[PDB]
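In the form deposited without S-adenosylmethionine (SAM), a lone chain appears below as structure tokens.
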């Protein structure tokens, strides 16, 4: 035993399990770089491999593209835990493989994607981004699974002596930002695929979570928050939002956001959430809007600096109906028919006012105030909210004033924002002495304390109510995790709520800590009791800052019995690749991997049974097995011999007579049947006809290992495996290259994968397979919940 190979007894201990968890933080080493100049590709490929050992591939066109993709990415799928950079240069034209297809492939393998096939050989962009490969390897400054990034990691700082060649790195926070972004993008993809009308692209966020305002507007979605109780902001007015009171954050380390013109994005993404029609006064330039998707929005912009080119550019970039007007806004006409407001009749309207003067400012504002006080009251228009900049040294009385707030990304600015609303205060006297004293307290707070005051404006798009009783009709979109997962929320009452949402054809995306993965991480000693405790399903969390909170853990089998399928964040962004406008990430996160995300069973069966590369588990089914085989001296053919030996032991334990089968143990045949026999199973008996070949599913086995360390696509894969029990046709509306990893019959159809017996047999040896691979340091709980979920998928 100790002196034999393959060897699991000396090589796989609790320490090796720890190291595998650690290696999982590095499971995204891929960069996909598209350019149109092959000699330039060969030069930097050799440069980055000679200097840092980056594995490089070039898809040059000397081989057909489908074959080129299949060979390259079947190789790469096994190296993803090798802790070394991988770079695929793509030099074929866009007519051979399109930008959107290559982006789907790259993101399905957790890679960064760079598209530069239109640039000539000596572009500044092209040479610079190619030289970055050599400078940064094994790192790269293009995010994985997303073109954009705005966190504190600044890659140029790694090359500067002034910074000591260092930069910030908040893997957990950044991956949490990437997750909120992807969940939003998946809802965006769901809205397009279900042809949901534009003015109904609304998503309910259960529990307040500020970044969803920006992510939703980046995708043309309006967010609504749902909260159990209403925290009294402590200010004046009917909702307490006139000079609200503050309570401070805890000592930490600071996470800084580097969005350009962040102060304008914060107010404008919020206002755009309130109405599909916007009156924007002072809009020039509004370059910050160019990065949003505003399909269905109508913006009536007023600024003397508006040109005809500005209106055309803004509409082209955002997709919104923009109507630029190069006149100063006339605040002293009190008519609807003036200022072109006629278009907004019998519809809702919100107003954003960014106008300011250097002459007669303080009474210029009361002209605007008197006009906005008049404007909020029309019955031919449903004016929802008016944003105005406020700075007064003289006391004023204001009507319909709902809120008077500081600016979260305002720093030392003495300027405030006033919000007008129908349900606001009938009258209130704003004494300029207390706003000055208020702005002195605000400007003396830490930037972190200032940014958290955005909860005051965001509560103007918040609803009070129990999320477990909301209306689910209309395919309503809901994203829900902590605030739903546990507020002492009964696990029964949550599971029933999710069960009803699936039956109502609703889109409630749900996330929760994975009970059995967390347990396994604690047992092997990766997560310590001082950081995370657990008693059955109840979890007590803590982050390194000192905050603690309770949460309920769920498992894949509990949610499948409630009509919910686990899908990974990787699969979600790849599936949504042609709609995603979010951020990417640079590092994976152990803490984020403890959580699993789920989607309703009805939407899986409707849209997801035909697995192309976007929903492939290829980035998980090969790299864990390959890593273990390298540590444990498991030759390639020896691995397949082991699968036969485990089948032989299993069949003997079910009192099958060995004379009825012949163990082969190959890559194509597990065993041959001699006499017909049957094996008891909960999904009905497994029937093996005599003189047949049986080849059990390796995807199931290797995903069982993978489910110990990261979120598993096991249940989504199982549903696609059942679908692929017979030959299928390739969908005609999808690009053929998305199927390079789907094997094809001689007639050009999609070949069947496995029979039902071949799948469920793998489920039965699955426990002993993990016990073998992990030296009995596996988790029977994780195997059992998966096993129990495979059985429900194949239920008879």
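The term rigid core refers to the maximal set of C-alpha atoms that superpose within 1.5 Å between the two forms. Positions refer to the first chain, counted from 1.
Coordinates for residue 120 are present in every one of the other compared entries of this protein that model residues on both sides of it, well short of the third needed to count it as often missing. For the cut-off of one third of the other compared entries, residue 698 stays well clear, since all of them model it along with its flanks. The entry models residue 550 and residue 551 with no unmodelled deposited residue separating them. Looking at 365-373 and 283-291 together, the entry lists the larger mean B-factor for 365-373, computed on C-alpha atoms. Between 22-30 and 731-739, the higher mean Cα B-factor belongs to 731-739. Looking only at 747, 66, 49, 751, the residue with the top Cα B factor in the deposited structure is 747. Residues shown: 500, 174, 492, 570. Highest C-alpha temperature factor in the entry: 492. When the CA B factors of the chain's modelled residues are split into thirds, the value for residue 9 lands in the middle one.
Looking at the C-alpha B-factors along this chain, the one for residue 186 belongs to the lowest third. When all modelled residues of the chain are sorted by CA temperature factor, residue 555 is found within the middle third.
Residue 755 sits in the middle third of its chain by CA B factor, as recorded in the PDB entry. Looking at the C-alpha B-factors along this chain, the one for residue 719 belongs to the middle third.
What comes next is about the form deposited with S-adenosylmethionine (SAM) bound, which is not displayed.
Placed here by superposing the C-alphas around the site, S-adenosylmethionine (SAM) (as posed in the deposited bound form) has at least 3 atoms within 2.4 Å of backbone or C-beta atoms: blocked pocket. Just one of 537, 719, 227, 115 comes within 4.5 Å of S-adenosylmethionine (SAM) in the deposited bound form, counting any heavy atom, and that one is 227.
This chain appears without its partner; in the deposited bound form, the one residue of 138, 658, 465, 231 with a heavy atom within 4.5 Å of S-adenosylmethionine (SAM) is 465. Not displayed here, S-adenosylmethionine (SAM) is kept clear of residue 82 by more than 4.5 Å at the level of heavy atoms in the deposited bound form. At the 4.5 Å threshold, heavy atoms of residue 633 stay clear of S-adenosylmethionine (SAM) in the deposited bound form, well away from it. Heavy atoms of residue 208 reach within 4.5 Å of S-adenosylmethionine (SAM) in the deposited bound form, making it an interface residue. Looking at residue 482, you'd find a heavy atom of it within 4.5 angstroms of S-adenosylmethionine (SAM) in the deposited bound form. Judged by heavy atoms within 4.5 Å of S-adenosylmethionine (SAM) in the deposited bound form, the contact stretch among the candidates 171-179, 200-208, 584-592, 342-350 is 200-208. Of the candidates 51, 745, 38, 66, the Cα that moves 2 angstroms or more after core superposition between the shown form and the other one belongs to 745 alone. After superposition on the rigid core, the Cα atom of residue 589 is displaced by less than 2 Å between the shown form and the other one. After superposition on the rigid core, the Cα atom of residue 481 is displaced by 2 Å or more between the shown form and the other one.
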